[PDB]
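Have a look at data_9.json; it's JSON, C-alpha atoms:
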```json
[["chain", "number", "residue", "atom", "x", "y", "z"],
["E", 1, "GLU", "CA", -5.36, -14.41, -6.91],
["E", 2, "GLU", "CA", -7.29, -14.04, -10.15],
["E", 3, "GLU", "CA", -7.36, -11.38, -12.74],
["E", 4, "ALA", "CA", -11.09, -11.63, -12.88],
["E", 5, "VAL", "CA", -11.05, -10.98, -9.16],
["E", 6, "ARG", "CA", -8.55, -8.27, -9.85],
["E", 7, "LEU", "CA", -11.21, -6.97, -12.11],
["E", 8, "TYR", "CA", -13.64, -7.41, -9.46],
["E", 9, "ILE", "CA", -11.81, -5.33, -7.15],
["E", 10, "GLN", "CA", -11.54, -3.14, -10.18],
["E", 11, "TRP", "CA", -15.16, -2.99, -10.96],
["E", 12, "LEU", "CA", -15.76, -2.64, -7.26],
["E", 13, "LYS", "CA", -13.29, 0.18, -6.62],
["E", 14, "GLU", "CA", -14.24, 1.81, -9.90],
["E", 15, "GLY", "CA", -17.76, 1.69, -8.45],
["E", 16, "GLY", "CA", -18.86, -1.95, -8.29],
["E", 17, "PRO", "CA", -22.67, -2.23, -8.42],
["E", 18, "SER", "CA", -22.76, 1.56, -8.71],
["E", 19, "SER", "CA", -20.38, 1.64, -11.69],
["E", 20, "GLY", "CA", -23.28, 1.10, -14.05],
["E", 21, "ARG", "CA", -22.05, -2.43, -14.60],
["E", 22, "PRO", "CA", -22.39, -5.90, -13.08],
["E", 23, "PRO", "CA", -19.28, -7.46, -11.53],
["E", 24, "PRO", "CA", -16.62, -9.52, -13.36],
["E", 25, "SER", "CA", -17.96, -12.88, -12.28]]
```
Would you mind writing the file's structure down as structure tokens?
Amino acid sequence: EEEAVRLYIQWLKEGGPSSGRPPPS
């Protein structure tokens, strides 16, 4: 498991594409 994927899942769960930001990777 990554952190950057952790972040991903972060980004994602915090909104992902609809969080006003592009994903970690």
In Å, how far is it from atom CA of residue E:15 to atom CA of residue E:3?
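Value for the atom CA of residue E:15-atom CA of residue E:3 distance: 17.2 Å.
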So what do you get for atom CA of residue E:18 versus atom CA of residue E:2, distance-wise?
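Taking atom CA of residue E:18 and atom CA of residue E:2, their separation equals 22.0 Å.
The interatomic distance for the pair atom CA of residue E:10 and atom CA of residue E:25 works out to 11.9 Å.
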Selection: 10 Å around residue E:8, all atoms listed in the file, excl. self and same-chain fewer than 4 positions, as a VMD selection string
chain E and resid 2 to 4 12 to 14 16 22 to 25
What box, with edges along x, y and z, holds each listed atom of stretch 18-23 of chain E when 5 Å is added on every side, and can you state its centre and edge lengths in Å to one decimal, as AutoDock Vina command-line options?
```
--center_x -21.3 --center_y -2.9 --center_z -11.7 --size_x 14.0 --size_y 19.1 --size_z 15.9
```
N, CA, C and O atoms for stretch 3-24 of chain E, written as a PDB file, keeping the file's coordinate frame, could you do that?
```pdb
ATOM      1  N   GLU E   3      -7.269 -12.616 -12.052  1.00  0.00           N
ATOM      2  CA  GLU E   3      -7.360 -11.380 -12.740  1.00  0.00           C
ATOM      3  C   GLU E   3      -8.792 -10.917 -12.741  1.00  0.00           C
ATOM      4  O   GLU E   3      -9.094  -9.741 -12.632  1.00  0.00           O
ATOM      5  N   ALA E   4      -9.666 -11.876 -12.900  1.00  0.00           N
ATOM      6  CA  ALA E   4     -11.090 -11.630 -12.880  1.00  0.00           C
ATOM      7  C   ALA E   4     -11.524 -11.110 -11.519  1.00  0.00           C
ATOM      8  O   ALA E   4     -12.471 -10.338 -11.407  1.00  0.00           O
ATOM      9  N   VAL E   5     -10.812 -11.524 -10.481  1.00  0.00           N
ATOM     10  CA  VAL E   5     -11.050 -10.980  -9.160  1.00  0.00           C
ATOM     11  C   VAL E   5     -10.348  -9.649  -9.046  1.00  0.00           C
ATOM     12  O   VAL E   5     -10.780  -8.763  -8.333  1.00  0.00           O
ATOM     13  N   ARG E   6      -9.291  -9.509  -9.808  1.00  0.00           N
ATOM     14  CA  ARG E   6      -8.550  -8.270  -9.850  1.00  0.00           C
ATOM     15  C   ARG E   6      -9.455  -7.214 -10.448  1.00  0.00           C
ATOM     16  O   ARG E   6      -9.509  -6.073 -10.010  1.00  0.00           O
ATOM     17  N   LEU E   7     -10.194  -7.679 -11.428  1.00  0.00           N
ATOM     18  CA  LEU E   7     -11.210  -6.970 -12.110  1.00  0.00           C
ATOM     19  C   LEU E   7     -12.368  -6.649 -11.266  1.00  0.00           C
ATOM     20  O   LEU E   7     -13.107  -5.705 -11.487  1.00  0.00           O
ATOM     21  N   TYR E   8     -12.582  -7.534 -10.393  1.00  0.00           N
ATOM     22  CA  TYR E   8     -13.640  -7.410  -9.460  1.00  0.00           C
ATOM     23  C   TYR E   8     -13.410  -6.280  -8.579  1.00  0.00           C
ATOM     24  O   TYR E   8     -14.226  -5.388  -8.445  1.00  0.00           O
ATOM     25  N   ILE E   9     -12.269  -6.329  -8.014  1.00  0.00           N
ATOM     26  CA  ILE E   9     -11.810  -5.330  -7.150  1.00  0.00           C
ATOM     27  C   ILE E   9     -11.665  -4.038  -7.928  1.00  0.00           C
ATOM     28  O   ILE E   9     -11.665  -2.941  -7.388  1.00  0.00           O
ATOM     29  N   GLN E  10     -11.605  -4.221  -9.228  1.00  0.00           N
ATOM     30  CA  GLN E  10     -11.540  -3.140 -10.180  1.00  0.00           C
ATOM     31  C   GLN E  10     -12.881  -2.510 -10.296  1.00  0.00           C
ATOM     32  O   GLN E  10     -13.094  -1.387  -9.882  1.00  0.00           O
ATOM     33  N   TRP E  11     -13.775  -3.302 -10.855  1.00  0.00           N
ATOM     34  CA  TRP E  11     -15.160  -2.990 -10.960  1.00  0.00           C
ATOM     35  C   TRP E  11     -15.603  -2.341  -9.685  1.00  0.00           C
ATOM     36  O   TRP E  11     -15.999  -1.188  -9.688  1.00  0.00           O
ATOM     37  N   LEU E  12     -15.426  -3.077  -8.601  1.00  0.00           N
ATOM     38  CA  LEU E  12     -15.760  -2.640  -7.260  1.00  0.00           C
ATOM     39  C   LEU E  12     -15.220  -1.254  -6.913  1.00  0.00           C
ATOM     40  O   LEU E  12     -15.979  -0.361  -6.536  1.00  0.00           O
ATOM     41  N   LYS E  13     -13.913  -1.079  -7.012  1.00  0.00           N
ATOM     42  CA  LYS E  13     -13.290   0.180  -6.620  1.00  0.00           C
ATOM     43  C   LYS E  13     -13.586   1.278  -7.628  1.00  0.00           C
ATOM     44  O   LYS E  13     -13.635   2.458  -7.277  1.00  0.00           O
ATOM     45  N   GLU E  14     -13.801   0.888  -8.874  1.00  0.00           N
ATOM     46  CA  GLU E  14     -14.240   1.810  -9.900  1.00  0.00           C
ATOM     47  C   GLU E  14     -15.734   2.111  -9.733  1.00  0.00           C
ATOM     48  O   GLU E  14     -16.295   2.951 -10.439  1.00  0.00           O
ATOM     49  N   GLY E  15     -16.372   1.414  -8.787  1.00  0.00           N
ATOM     50  CA  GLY E  15     -17.760   1.690  -8.450  1.00  0.00           C
ATOM     51  C   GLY E  15     -18.575   0.461  -8.070  1.00  0.00           C
ATOM     52  O   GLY E  15     -19.619   0.587  -7.426  1.00  0.00           O
ATOM     53  N   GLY E  16     -18.088  -0.728  -8.429  1.00  0.00           N
ATOM     54  CA  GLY E  16     -18.860  -1.950  -8.290  1.00  0.00           C
ATOM     55  C   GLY E  16     -20.278  -1.812  -8.807  1.00  0.00           C
ATOM     56  O   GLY E  16     -20.486  -1.333  -9.924  1.00  0.00           O
ATOM     57  N   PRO E  17     -21.271  -2.266  -8.024  1.00  0.00           N
ATOM     58  CA  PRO E  17     -22.670  -2.230  -8.420  1.00  0.00           C
ATOM     59  C   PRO E  17     -23.097  -0.846  -8.917  1.00  0.00           C
ATOM     60  O   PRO E  17     -23.967  -0.712  -9.777  1.00  0.00           O
ATOM     61  N   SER E  18     -22.452   0.182  -8.373  1.00  0.00           N
ATOM     62  CA  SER E  18     -22.760   1.560  -8.710  1.00  0.00           C
ATOM     63  C   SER E  18     -21.771   2.111  -9.748  1.00  0.00           C
ATOM     64  O   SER E  18     -21.469   3.304  -9.768  1.00  0.00           O
ATOM     65  N   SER E  19     -21.261   1.231 -10.601  1.00  0.00           N
ATOM     66  CA  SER E  19     -20.380   1.640 -11.690  1.00  0.00           C
ATOM     67  C   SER E  19     -21.123   1.471 -13.006  1.00  0.00           C
ATOM     68  O   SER E  19     -20.535   1.510 -14.087  1.00  0.00           O
ATOM     69  N   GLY E  20     -22.435   1.276 -12.890  1.00  0.00           N
ATOM     70  CA  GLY E  20     -23.280   1.100 -14.050  1.00  0.00           C
ATOM     71  C   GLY E  20     -23.090  -0.249 -14.713  1.00  0.00           C
ATOM     72  O   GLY E  20     -23.601  -0.495 -15.805  1.00  0.00           O
ATOM     73  N   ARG E  21     -22.352  -1.126 -14.050  1.00  0.00           N
ATOM     74  CA  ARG E  21     -22.050  -2.430 -14.600  1.00  0.00           C
ATOM     75  C   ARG E  21     -22.122  -3.506 -13.540  1.00  0.00           C
ATOM     76  O   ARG E  21     -21.938  -3.231 -12.354  1.00  0.00           O
ATOM     77  N   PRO E  22     -22.434  -4.741 -13.951  1.00  0.00           N
ATOM     78  CA  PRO E  22     -22.390  -5.900 -13.080  1.00  0.00           C
ATOM     79  C   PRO E  22     -20.964  -6.417 -12.963  1.00  0.00           C
ATOM     80  O   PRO E  22     -20.145  -6.217 -13.860  1.00  0.00           O
ATOM     81  N   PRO E  23     -20.652  -7.082 -11.850  1.00  0.00           N
ATOM     82  CA  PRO E  23     -19.280  -7.460 -11.530  1.00  0.00           C
ATOM     83  C   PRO E  23     -18.728  -8.580 -12.400  1.00  0.00           C
ATOM     84  O   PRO E  23     -19.476  -9.398 -12.936  1.00  0.00           O
ATOM     85  N   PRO E  24     -17.396  -8.580 -12.544  1.00  0.00           N
ATOM     86  CA  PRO E  24     -16.620  -9.520 -13.360  1.00  0.00           C
ATOM     87  C   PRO E  24     -17.205 -10.919 -13.467  1.00  0.00           C
ATOM     88  O   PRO E  24     -17.390 -11.446 -14.568  1.00  0.00           O
TER      89      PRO E  24
END
```
